[PDB]
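In order, the protein sequences belong to chains B and A. So in PDB author numbering, spot 2 of the first sequence is number 1668, and the numbers just go up one at a time. So in PDB author numbering, spot 25 of the second sequence is number 1740, and the numbers just go up one at a time. Note sheet for the following structure.
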Amino acid sequence: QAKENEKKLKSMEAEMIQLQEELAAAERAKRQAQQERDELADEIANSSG
Amino acid sequence: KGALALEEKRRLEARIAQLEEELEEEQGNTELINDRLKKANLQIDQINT
């Protein structure tokens, strides 16, 4: 049962690992958007402004 | 829009500048016609006397 129970741990790790895949990309998306939401914004006031 | 906005001023700049020559025509007339009156009034005054 220990080996069988361990299989559920590695299987459940896929959920945490899968969530980290989307969480890492989703969290990184904020950095990319923030770098562009502020850089272009400051430049928009200089170019468009 | 920014590049076109700056270029838009060039179009009006030439129009506002070319329009100055048109306005100078009436402005020059006030100085040319009035100047001609001085030469004409001088002869008209001498002819009258």
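Ideal placement from N, C-alpha and C gives every residue a C-beta, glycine not left out.
Within 7 Å of the CB of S1713/B, the CB atoms of chain A belong to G1717, in sequence order along the chain. DSSP places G1715/B outside both helix and strand once states are collapsed to three, so it counts as coil. Rounded to the nearest whole angstrom, the C-alpha separation of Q1700/B and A1691/B is 14 Å.
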